Amino acid sequence: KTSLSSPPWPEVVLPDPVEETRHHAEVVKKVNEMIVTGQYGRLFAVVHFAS
Amino acid sequence: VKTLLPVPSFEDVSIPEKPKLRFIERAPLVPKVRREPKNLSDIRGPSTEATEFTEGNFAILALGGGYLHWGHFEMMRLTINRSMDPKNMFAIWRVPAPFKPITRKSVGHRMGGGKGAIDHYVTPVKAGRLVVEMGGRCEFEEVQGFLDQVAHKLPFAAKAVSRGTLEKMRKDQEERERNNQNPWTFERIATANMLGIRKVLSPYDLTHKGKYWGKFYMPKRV
Amino acid sequence: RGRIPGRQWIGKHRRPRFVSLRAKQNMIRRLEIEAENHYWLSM
Amino acid sequence: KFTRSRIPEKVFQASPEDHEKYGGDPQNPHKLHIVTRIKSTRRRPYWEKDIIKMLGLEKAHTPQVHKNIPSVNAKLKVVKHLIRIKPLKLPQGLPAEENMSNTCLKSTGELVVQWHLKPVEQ
Amino acid sequence: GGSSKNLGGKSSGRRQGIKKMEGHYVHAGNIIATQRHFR
Amino acid sequence: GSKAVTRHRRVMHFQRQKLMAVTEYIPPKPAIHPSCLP
Amino acid sequence: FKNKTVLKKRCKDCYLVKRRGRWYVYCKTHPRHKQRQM
RNA sequence: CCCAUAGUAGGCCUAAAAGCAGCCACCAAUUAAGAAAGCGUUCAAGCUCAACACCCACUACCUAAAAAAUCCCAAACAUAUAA
RNA sequence: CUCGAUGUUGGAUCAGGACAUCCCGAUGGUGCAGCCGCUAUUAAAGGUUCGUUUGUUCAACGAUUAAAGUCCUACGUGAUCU
Ligand SMILES: [K+]
Ligand SMILES: [K+]
Ligand SMILES: [K+]
Ligand SMILES: [K+]
Ligand SMILES: [K+]
Ligand SMILES: [Mg+2]
Ligand SMILES: [Mg+2]
Ligand SMILES: [Mg+2]
Ligand SMILES: [Mg+2]
Ligand SMILES: [Mg+2]
Ligand SMILES: [Mg+2]
Ligand SMILES: [Mg+2]
Ligand SMILES: [Mg+2]
Ligand SMILES: [Mg+2]
Ligand SMILES: [Mg+2]
Ligand SMILES: [Mg+2]
Ligand SMILES: [Mg+2]
Ligand SMILES: [Mg+2]
Ligand SMILES: [Mg+2]
Ligand SMILES: [Mg+2]
Ligand SMILES: [Mg+2]
Ligand SMILES: [Zn+2]
């Protein structure tokens, strides 16, 4: 171990794709249920119009 | 038991009758009347004459172009004739005597009024030419001392060489060109006129290949 | 102090211009395009 | 003096290594070039200016199609430093009368004959 | 001051040379080339 | 202007300066320094 | 001390030393040999 | 770094020439040391180098600076993954 | 650059600046005994004269001084003068 033995940034371990695919489905279902049940107030949107 | 080694024998070498360097005259035998242009391309680019050894084994290599006047020849002659052993050494001239006339106008005169009068003569020299060649019953370390001293006083970049060092110098340059890891070279770009680069180059750059700039030679350029 | 004689970018004595890293990369980028142009003009 | 530049023919002889790098087939040469001007004619000799006009490359970054033939290539070589040359690729063949109006030239050089503007169901 | 000792030498070009190159069509009488010596 | 051959090293056109910079000899670098191997 | 662009030892007793950021030639036997890097 | 005896001051020249003003030779004693490579002495002495011994100095053998006149002149920074 | 004008020598007045230092300071070398010198490094805080002939800057000469430095500043400076 030295000041230059390893990079300065911390090591990042990304989630398992199989496990994350299941977590993603849960998040999407939760947000979809909020839409069905109307758990939102004022909305905003970014629209492309006239270039 | 310090291991001794054989020594080269120079018994087979012959010494001329006038080993010392002959005298060079300021101007040629018959004075010239026709005035000449500068013709500065006589010191520009690689040399195509007096690039190889003829009789001796050691010489002074020119690493740049320039003009030699009488003052230079006297410095070379006296310095060499004094430092050399006439019995075991000999020297010869590899450059002709000053022949190119150099005109010059009188002090205080304005531009115009024709051309100046012949003042002195010079010998044009190109890069890669041998100026003085030595040889005889001597090693390189012996002549290299006073030969480098002379090379430093010349108007161009010079250096003492030998049949071996000169050969190695040339083979080392070829090795650099072969193992060069840069995929872009001056030759490839210039000859193909890539990027329209020939708009800032010279027609001579097709043959010099970036190793020459005016009278200066760059050995580190591949 | 540090004057350049006459005008900066002309004449005998000039302000020295140096080649930056990105100036080099710019040239190499266009050398690669032209090298490929050579290839497609060969057939 | 500055003059027109004669390019040695060796410059336009591709080596086996080049074919690997760029992926062309010497035995099946591409028929049509895609040519785009990526350099200005300002500060270039007039003869180069003249050829850029002849090839329809006055507007930069505008692809033009030209025949891959010696005469055209001769012009392209004079201005090779001002343009980018790529082969026109026809993955679904030449456009027909039915699909003339549904073509798009992609950045890869492939001229596709169907342009749905839809995501790929695959 | 001083003066140059070279006088003359101000002749204009003769405009000599080939007028009809290889393959050109000529009518009878047309000059094909002009020359100072037999080239 | 100055002549093609000068006593001083003439300044180069910037495009030529860049040309020289881009075409400098690059020596072959070994993966492992040879002094670090038997 | 004489300023010199090229420092040269003039006798066996001369010894090169770098002090205050520049090279010096010192000689105890012949103090006249003392040289300073210029 | 260490260390140095000897045919012999070799012959000739020279007032003198003793390794070292010049000319010729450049052989040999001692395990080892050039009829001497650089200083030195009027000539000699005297101090080194090439020798032996000791012993892994186990070298690099590519290079050289600076000053003007109103007042230096952006501020700064060697570390977070091209764009 | 300036001729619908950027006033041309030397002096007077007041000087700003550079150091390649004439004097004063601190140092190395010397064919430096000492006293005097010669030479180089460092130092620009302070100082660096008055007269005879000459329009002169210079030059020569007289008497001094620790020393009578070299230069730049539109050959500093005439809306300050001569
Ligand atoms: K020289
Ligand atoms: K200039
Ligand atoms: K003797
Ligand atoms: K005027
Ligand atoms: K008077
Ligand atoms: Mg200016
Ligand atoms: Mg004529
Ligand atoms: Mg005419
Ligand atoms: Mg010219
Ligand atoms: Mg003896
Ligand atoms: Mg005797
Ligand atoms: Mg003798
Ligand atoms: Mg003697
Ligand atoms: Mg013996
Ligand atoms: Mg020894
Ligand atoms: Mg006015
Ligand atoms: Mg003052
Ligand atoms: Mg000073
Ligand atoms: Mg004035
Ligand atoms: Mg008035
Ligand atoms: Mg005024
Ligand atoms: Zn000494």
# chains A, B, ... in the order shown; residues from 1 in each chain; ligands from 1
call {"tool": "residues_near_ligand", "arguments": {"ligand": "ligand 15", "cutoff": "9 Å", "atoms": "only C-alpha atoms (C1' of nucleotides) and all ligand atoms", "output": "PyMOL selection string"}}
result
chain H and resi 2-4+48-51
call {"tool": "interface_residues", "arguments": {"of": "chain G", "to": "chain I", "cutoff": "12 Å", "atoms": "only C-alpha atoms (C1' of nucleotides)", "output": "VMD selection string"}}
result
chain G and resid 1 to 4 26 to 27 30 to 38
call {"tool": "residues_near_ligand", "arguments": {"ligand": "ligand 6", "cutoff": "7 Å", "atoms": "only C-alpha atoms (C1' of nucleotides) and all ligand atoms", "output": "number ranges by chain"}}
result
C: 4-8
call {"tool": "write_last_selection", "arguments": {"atoms": "C-alpha atoms", "output": "PDB file, in the first residue's frame"}}
result
ATOM      1  CA  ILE C   4       9.171  42.051 -29.334  1.00  0.00           C
ATOM      2  CA  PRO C   5      10.841  44.267 -31.981  1.00  0.00           C
ATOM      3  CA  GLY C   6       8.469  45.712 -34.551  1.00  0.00           C
ATOM      4  CA  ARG C   7       5.289  43.749 -35.160  1.00  0.00           C
ATOM      5  CA  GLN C   8       4.802  40.507 -33.267  1.00  0.00           C
TER       6      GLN C   8
END
call {"tool": "select_by_dssp", "arguments": {"residues": "chain C", "states": "helix (DSSP H, G or I)", "output": "ChimeraX atom specification"}}
result
/C:21-40
call {"tool": "atom_distance", "arguments": {"atom1": "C1' of residue 40 (chain H)", "atom2": "CA of residue 139 (chain B)"}}
result
29.2 Å
call {"tool": "residues_near_ligand", "arguments": {"ligand": "ligand 21", "cutoff": "9 Å", "atoms": "only C-alpha atoms (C1' of nucleotides) and all ligand atoms", "output": "PDB file with N, CA, C and O atoms (P, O5', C5', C4', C3', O3' and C1' of nucleotides), in the first residue's frame"}}
result
ATOM      1  P     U I  77      14.412  66.733 -24.693  1.00  0.00           P
ATOM      2  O5'   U I  77      13.914  67.813 -23.636  1.00  0.00           O
ATOM      3  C5'   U I  77      12.609  67.748 -23.078  1.00  0.00           C
ATOM      4  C4'   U I  77      12.498  68.609 -21.846  1.00  0.00           C
ATOM      5  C3'   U I  77      12.909  70.067 -22.017  1.00  0.00           C
ATOM      6  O3'   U I  77      11.865  70.869 -22.541  1.00  0.00           O
ATOM      7  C1'   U I  77      13.941  69.171 -20.082  1.00  0.00           C
ATOM      8  P     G I  78      12.006  71.580 -23.974  1.00  0.00           P
ATOM      9  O5'   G I  78      12.809  72.922 -23.674  1.00  0.00           O
ATOM     10  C5'   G I  78      12.397  73.808 -22.646  1.00  0.00           C
ATOM     11  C4'   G I  78      12.177  75.208 -23.165  1.00  0.00           C
ATOM     12  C3'   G I  78      10.981  75.408 -24.083  1.00  0.00           C
ATOM     13  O3'   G I  78       9.774  75.552 -23.358  1.00  0.00           O
ATOM     14  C1'   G I  78      12.886  76.571 -24.926  1.00  0.00           C
ATOM     15  P     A I  79       8.408  74.904 -23.894  1.00  0.00           P
ATOM     16  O5'   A I  79       7.287  75.737 -23.136  1.00  0.00           O
ATOM     17  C5'   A I  79       7.230  77.150 -23.249  1.00  0.00           C
ATOM     18  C4'   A I  79       5.822  77.656 -23.067  1.00  0.00           C
ATOM     19  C3'   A I  79       5.210  77.449 -21.689  1.00  0.00           C
ATOM     20  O3'   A I  79       5.607  78.440 -20.757  1.00  0.00           O
ATOM     21  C1'   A I  79       3.677  76.753 -23.345  1.00  0.00           C
ATOM     22  P     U I  80       5.475  78.176 -19.177  1.00  0.00           P
ATOM     23  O5'   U I  80       6.561  77.050 -18.876  1.00  0.00           O
ATOM     24  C5'   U I  80       7.837  77.079 -19.500  1.00  0.00           C
ATOM     25  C4'   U I  80       8.822  77.910 -18.717  1.00  0.00           C
ATOM     26  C3'   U I  80      10.037  78.394 -19.493  1.00  0.00           C
ATOM     27  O3'   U I  80       9.785  79.556 -20.263  1.00  0.00           O
ATOM     28  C1'   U I  80      10.752  77.424 -17.474  1.00  0.00           C
TER      29        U I  80
END
call {"tool": "residues_near_ligand", "arguments": {"ligand": "ligand 17", "cutoff": "9 Å", "atoms": "only C-alpha atoms (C1' of nucleotides) and all ligand atoms", "output": "VMD selection string"}}
result
chain I and resid 15 to 17
call {"tool": "residues_near_ligand", "arguments": {"ligand": "ligand 16", "cutoff": "10 Å", "atoms": "only C-alpha atoms (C1' of nucleotides) and all ligand atoms", "output": "MDAnalysis selection string"}}
result
chainID I and resid 2 4:5
call {"tool": "write_last_selection", "arguments": {"atoms": "N, CA and C atoms (P, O5', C5', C4', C3', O3' and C1' of nucleotides)", "output": "PDB file, in the first residue's frame"}}
result
ATOM      1  P     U I   2       1.526  60.220 -41.433  1.00  0.00           P
ATOM      2  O5'   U I   2       2.049  61.582 -40.799  1.00  0.00           O
ATOM      3  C5'   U I   2       1.333  62.211 -39.748  1.00  0.00           C
ATOM      4  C4'   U I   2       2.177  63.232 -39.030  1.00  0.00           C
ATOM      5  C3'   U I   2       2.775  64.337 -39.883  1.00  0.00           C
ATOM      6  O3'   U I   2       1.844  65.364 -40.186  1.00  0.00           O
ATOM      7  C1'   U I   2       4.404  63.507 -38.369  1.00  0.00           C
ATOM      8  P     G I   4       1.037  70.372 -44.317  1.00  0.00           P
ATOM      9  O5'   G I   4       0.002  70.916 -43.236  1.00  0.00           O
ATOM     10  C5'   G I   4       0.120  72.225 -42.697  1.00  0.00           C
ATOM     11  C4'   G I   4      -1.206  72.734 -42.193  1.00  0.00           C
ATOM     12  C3'   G I   4      -1.882  71.886 -41.125  1.00  0.00           C
ATOM     13  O3'   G I   4      -1.435  72.212 -39.821  1.00  0.00           O
ATOM     14  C1'   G I   4      -3.448  72.478 -42.822  1.00  0.00           C
ATOM     15  P     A I   5      -0.572  71.175 -38.951  1.00  0.00           P
ATOM     16  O5'   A I   5       0.886  71.815 -38.944  1.00  0.00           O
ATOM     17  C5'   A I   5       1.946  71.253 -39.709  1.00  0.00           C
ATOM     18  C4'   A I   5       3.117  70.865 -38.840  1.00  0.00           C
ATOM     19  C3'   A I   5       2.947  71.131 -37.345  1.00  0.00           C
ATOM     20  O3'   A I   5       3.580  70.099 -36.596  1.00  0.00           O
ATOM     21  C1'   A I   5       4.829  72.312 -38.152  1.00  0.00           C
TER      22        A I   5
END
call {"tool": "residues_around", "arguments": {"residues": "region 53-62 of chain I", "least_positions_apart": "4", "cutoff": "12 Å", "atoms": "only C-alpha atoms (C1' of nucleotides)", "output": "list in words"}}
result
residues 9, 10, 11 and 75 of chain I
call {"tool": "write_last_selection", "arguments": {"atoms": "N, CA and C atoms (P, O5', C5', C4', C3', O3' and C1' of nucleotides)", "output": "PDB file, in the first residue's frame"}}
result
ATOM      1  P     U I   9      19.019  70.499 -30.538  1.00  0.00           P
ATOM      2  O5'   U I   9      20.550  70.476 -30.104  1.00  0.00           O
ATOM      3  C5'   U I   9      21.500  69.709 -30.831  1.00  0.00           C
ATOM      4  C4'   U I   9      22.844  70.390 -30.888  1.00  0.00           C
ATOM      5  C3'   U I   9      23.496  70.698 -29.550  1.00  0.00           C
ATOM      6  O3'   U I   9      24.139  69.575 -28.974  1.00  0.00           O
ATOM      7  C1'   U I   9      23.631  72.600 -30.945  1.00  0.00           C
ATOM      8  P     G I  10      23.852  69.177 -27.445  1.00  0.00           P
ATOM      9  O5'   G I  10      24.673  70.250 -26.604  1.00  0.00           O
ATOM     10  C5'   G I  10      26.092  70.289 -26.655  1.00  0.00           C
ATOM     11  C4'   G I  10      26.627  71.586 -26.103  1.00  0.00           C
ATOM     12  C3'   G I  10      26.130  71.978 -24.720  1.00  0.00           C
ATOM     13  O3'   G I  10      26.810  71.323 -23.663  1.00  0.00           O
ATOM     14  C1'   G I  10      25.911  73.818 -26.159  1.00  0.00           C
ATOM     15  P     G I  11      26.021  70.947 -22.315  1.00  0.00           P
ATOM     16  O5'   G I  11      25.735  72.356 -21.630  1.00  0.00           O
ATOM     17  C5'   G I  11      26.807  73.172 -21.183  1.00  0.00           C
ATOM     18  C4'   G I  11      26.353  74.567 -20.836  1.00  0.00           C
ATOM     19  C3'   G I  11      25.417  74.703 -19.648  1.00  0.00           C
ATOM     20  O3'   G I  11      26.076  74.631 -18.397  1.00  0.00           O
ATOM     21  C1'   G I  11      24.600  76.005 -21.432  1.00  0.00           C
ATOM     22  P     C I  75      16.471  64.469 -28.457  1.00  0.00           P
ATOM     23  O5'   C I  75      17.661  63.448 -28.725  1.00  0.00           O
ATOM     24  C5'   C I  75      17.955  62.411 -27.800  1.00  0.00           C
ATOM     25  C4'   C I  75      19.417  62.401 -27.440  1.00  0.00           C
ATOM     26  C3'   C I  75      19.937  63.653 -26.752  1.00  0.00           C
ATOM     27  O3'   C I  75      19.677  63.658 -25.358  1.00  0.00           O
ATOM     28  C1'   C I  75      21.401  63.052 -28.509  1.00  0.00           C
TER      29        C I  75
END
call {"tool": "closest_atom_pairs", "arguments": {"of": "chain F", "to": "chain C", "cutoff": "8 Å", "atoms": "only C-alpha atoms", "output": "tab-separated table"}}
result
residue	atom	partner	partner_atom	distance
F:1	CA	C:11	CA	6.3
F:2	CA	C:12	CA	6.9
F:10	CA	C:12	CA	7.8
F:11	CA	C:14	CA	7.5
F:14	CA	C:17	CA	7.2
F:17	CA	C:19	CA	7.3
F:18	CA	C:19	CA	6.2
F:21	CA	C:24	CA	7.2
F:22	CA	C:24	CA	6.1
call {"tool": "residues_near_ligand", "arguments": {"ligand": "ligand 18", "cutoff": "12 Å", "atoms": "only C-alpha atoms (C1' of nucleotides) and all ligand atoms", "output": "VMD selection string"}}
result
(chain H and resid 66 to 67) or (chain I and resid 18 to 21 40 to 44)
call {"tool": "residues_around", "arguments": {"residues": "residue 15 (chain E)", "least_positions_apart": "2", "cutoff": "10 Å", "atoms": "only C-alpha atoms (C1' of nucleotides)", "output": "PDB file with C-alpha atoms, in the first residue's frame"}}
result
ATOM      1  CA  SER E  12      11.977  41.479 -74.784  1.00  0.00           C
ATOM      2  CA  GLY E  13      11.038  37.839 -75.209  1.00  0.00           C
ATOM      3  CA  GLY E  17       8.239  28.045 -79.781  1.00  0.00           C
ATOM      4  CA  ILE E  18       5.643  25.531 -80.902  1.00  0.00           C
ATOM      5  CA  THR E  34       9.256  29.389 -84.612  1.00  0.00           C
ATOM      6  CA  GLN E  35      12.851  28.971 -83.500  1.00  0.00           C
TER       7      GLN E  35
END
call {"tool": "interface_residues", "arguments": {"of": "chain D", "to": "chain B", "cutoff": "7 Å", "atoms": "only C-alpha atoms", "output": "PyMOL selection string"}}
result
chain D and resi 2+7+11+81
call {"tool": "write_last_selection", "arguments": {"atoms": "N, CA, C and O atoms", "output": "compact mmCIF listing (two decimals), in the first residue's frame"}}
result
# COMPACT_ATOMS: atom_id res chain seq x y z
N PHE D 2 5.21 27.92 -55.35
CA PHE D 2 4.11 27.04 -55.02
C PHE D 2 3.39 26.61 -56.29
O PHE D 2 3.00 27.44 -57.11
N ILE D 7 0.95 13.61 -56.88
CA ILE D 7 0.90 12.60 -55.83
C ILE D 7 1.40 11.28 -56.42
O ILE D 7 0.86 10.83 -57.43
N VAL D 11 0.93 6.04 -53.34
CA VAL D 11 0.09 6.49 -52.23
C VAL D 11 -1.29 5.86 -52.31
O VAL D 11 -1.96 5.69 -51.28
N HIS D 81 -7.42 16.53 -49.24
CA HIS D 81 -7.17 17.12 -47.93
C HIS D 81 -8.32 17.99 -47.43
O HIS D 81 -8.28 18.43 -46.28
call {"tool": "residues_around", "arguments": {"residues": "region 34-38 of chain D", "least_positions_apart": "2", "cutoff": "10 Å", "atoms": "only C-alpha atoms (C1' of nucleotides)", "output": "PyMOL selection string"}}
result
(chain C and resi 30+37) or (chain D and resi 32+40-41+52+55-68+76+79-89+105+109-110)
call {"tool": "write_last_selection", "arguments": {"atoms": "C-alpha atoms", "output": "compact mmCIF listing (two decimals), in the first residue's frame"}}
result
# COMPACT_ATOMS: atom_id res chain seq x y z
CA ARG C 30 -7.16 15.17 -39.65
CA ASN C 37 -9.30 8.90 -47.95
CA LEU D 32 -20.27 5.00 -55.17
CA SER D 40 -12.62 25.49 -46.12
CA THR D 41 -11.40 26.58 -49.53
CA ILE D 52 -14.83 21.87 -54.99
CA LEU D 55 -17.99 18.27 -57.25
CA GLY D 56 -20.94 20.10 -55.67
CA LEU D 57 -19.16 20.50 -52.31
CA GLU D 58 -19.66 24.24 -51.87
CA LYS D 59 -21.64 23.73 -48.65
CA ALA D 60 -19.70 21.97 -45.90
CA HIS D 61 -20.97 18.88 -44.07
CA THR D 62 -23.38 18.07 -46.92
CA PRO D 63 -22.91 14.51 -48.23
CA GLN D 64 -22.68 14.17 -52.01
CA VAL D 65 -22.68 10.91 -53.98
CA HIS D 66 -20.19 10.45 -56.82
CA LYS D 67 -19.21 7.58 -59.10
CA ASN D 68 -16.11 5.62 -58.05
CA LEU D 76 -11.06 13.87 -55.59
CA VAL D 79 -8.93 18.04 -52.92
CA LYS D 80 -8.42 14.92 -50.78
CA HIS D 81 -7.17 17.12 -47.93
CA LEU D 82 -10.44 19.11 -47.89
CA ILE D 83 -13.01 16.27 -47.86
CA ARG D 84 -13.96 12.98 -46.23
CA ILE D 85 -14.53 10.01 -48.56
CA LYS D 86 -16.65 7.05 -47.48
CA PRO D 87 -18.24 4.20 -49.46
CA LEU D 88 -21.98 4.24 -50.01
CA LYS D 89 -23.42 1.02 -48.55
CA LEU D 105 -28.71 8.30 -45.41
CA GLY D 109 -22.92 5.53 -44.93
CA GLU D 110 -25.74 3.00 -45.29
call {"tool": "residues_near_ligand", "arguments": {"ligand": "ligand 10", "cutoff": "12 Å", "atoms": "only C-alpha atoms (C1' of nucleotides) and all ligand atoms", "output": "JSON, numbers by chain"}}
result
{"H": [5, 6, 7, 8, 9, 10, 18, 19, 28, 29, 33, 34, 35, 36]}
call {"tool": "closest_atom_pairs", "arguments": {"of": "chain E", "to": "ligand 8", "cutoff": "12 Å", "atoms": "only C-alpha atoms and all ligand atoms", "output": "CSV"}}
result
residue,atom,partner,partner_atom_place_in_ligand_line,distance
E:8,CA,ligand 8,1 (Mg),11.2
E:9,CA,ligand 8,1 (Mg),9.0
E:10,CA,ligand 8,1 (Mg),5.7
E:11,CA,ligand 8,1 (Mg),6.2
E:12,CA,ligand 8,1 (Mg),4.8
E:13,CA,ligand 8,1 (Mg),7.5
E:14,CA,ligand 8,1 (Mg),10.8
call {"tool": "write_last_selection", "arguments": {"atoms": "N, CA, C and O atoms", "output": "compact mmCIF listing (two decimals), in the first residue's frame"}}
result
# COMPACT_ATOMS: atom_id res chain seq x y z
N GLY E 8 22.85 47.74 -71.91
CA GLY E 8 22.09 46.88 -72.79
C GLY E 8 21.35 45.79 -72.01
O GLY E 8 21.06 45.92 -70.82
N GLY E 9 21.04 44.71 -72.72
CA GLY E 9 20.42 43.56 -72.09
C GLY E 9 18.95 43.72 -71.78
O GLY E 9 18.46 43.13 -70.81
N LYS E 10 18.22 44.52 -72.57
CA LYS E 10 16.83 44.83 -72.30
C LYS E 10 15.90 44.33 -73.40
O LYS E 10 14.76 44.80 -73.51
N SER E 11 16.35 43.39 -74.22
CA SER E 11 15.50 42.82 -75.25
C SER E 11 14.34 42.06 -74.62
O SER E 11 14.50 41.36 -73.62
N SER E 12 13.16 42.20 -75.23
CA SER E 12 11.98 41.48 -74.78
C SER E 12 11.95 40.07 -75.36
O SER E 12 12.64 39.75 -76.33
N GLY E 13 11.14 39.21 -74.74
CA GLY E 13 11.04 37.84 -75.21
C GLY E 13 10.51 37.77 -76.63
O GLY E 13 9.62 38.54 -77.02
N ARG E 14 11.05 36.84 -77.41
CA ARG E 14 10.69 36.69 -78.81
C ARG E 14 9.35 35.99 -79.02
O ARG E 14 8.82 36.02 -80.13
call {"tool": "atom_distance", "arguments": {"atom1": "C1' of residue 72 (chain I)", "atom2": "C1' of residue 25 (chain I)"}}
result
26.8 Å
